[PDB]
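Derivation of every value follows stated rules applied to the coordinates shown; laboratory data play no part. Reconstructed Cβ throughout: ideal geometry from the backbone, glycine too, with neighbour counts over all protein chains shown.
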Amino acid sequence: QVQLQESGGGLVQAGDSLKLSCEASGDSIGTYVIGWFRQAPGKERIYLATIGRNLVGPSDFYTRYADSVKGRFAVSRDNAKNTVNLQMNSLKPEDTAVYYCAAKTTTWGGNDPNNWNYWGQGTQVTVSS
């Protein structure tokens, strides 16, 4: 149903911000719940954030964040550009990882990388100091 491709990764310095994009092709990203995950070189793939497809207010879609990033990361939705973004602020070396976005069609499962329908290729983010 959807193809996802992340982009925006690169080498950044600690303390900087980076904005990642998860662009869909083949379908509209507007009817899929989108989630962000990242995986450090030898660690397990961990959940970062999810953004619903339903408006909660005029300009805000439902949104959830994992404890390790709540307050520093912000996920946003642009259906018009078939893109969901992940704004990452005050980066630390511990944020170095390959970042992935995934898509599912239900609200359930919650925060496990186990039950997502479609996955991106991953984009590398390296935070040095």
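What number results when the radius of gyration of the chain, computed over Cα atoms, is divided by 2.2 N^0.38 Å? Each step should come with its number before you reach the end.
Working: Rg = 13.7 Å, N = 129, 2.2 N^0.38 = 13.9 Å.
Normalised Rg, Cα atoms only: 0.99.
Reducing the stretch 1-35 and the stretch 53-129 to their Cα centroids gives an inter-centroid distance of 8 Å.
Considering Cα pairs under 8 angstrom that are at least six residues apart, work out the relative contact order of the chain and quote it in whole percent.
Working: 315 pairs, mean separation 45.9, N = 129.
Across the chain, relative contact order equals 36 percent.
Peptides 58-71, 2-15, 33-46 ranked from most to least packed give 33-46, 2-15, 58-71, packing being the mean of other C-beta atoms within 10 angstrom over each peptide's residues.
For the stretch 35-45, the Karplus equation 6.51 cos²θ - 1.76 cosθ + 1.60, evaluated at θ = phi - 60°, returns couplings of x, 10, 9, 9, 9, 6, x, x, 9, 7, 6 Hz by residue, with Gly and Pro reported as x. Within straight-line reach of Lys81, meaning a Cα separation under 24 Å, sit the following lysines at least 8 residues removed in sequence or on another chain: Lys19, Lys104.
Panel order for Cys101, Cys22, by other beta carbons found within 10 Å of each beta carbon, from fewest to most: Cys22, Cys101.
Converting phi to 3J(HN,Hα) with the Karplus coefficients 6.51, -1.76 and 1.60 and the offset θ = phi - 60°, the stretch 21-34 yields 10, 10, 9, 9, 9, x, 6, 8, 6, x, 9, 10, 7, 10 Hz in sequence order, with x at every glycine or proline.
Residue by residue, the stretch 60-74 carries 3J(HN,Hα) couplings of 10, 8, 4, 9, 9, 10, 7, 3, 4, 10, 4, x, 10, 10, 9 Hz when phi is fed to the Karplus relation 6.51 cos²θ - 1.76 cosθ + 1.60 (θ = phi - 60°); x denotes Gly or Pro. Histogrammed with a bin width of 5 Å, the alpha carbon distances of the stretch 85-129 distribute as 5, 18, 23, 20, 17, 12, 4, 1 percent, first bin at zero.
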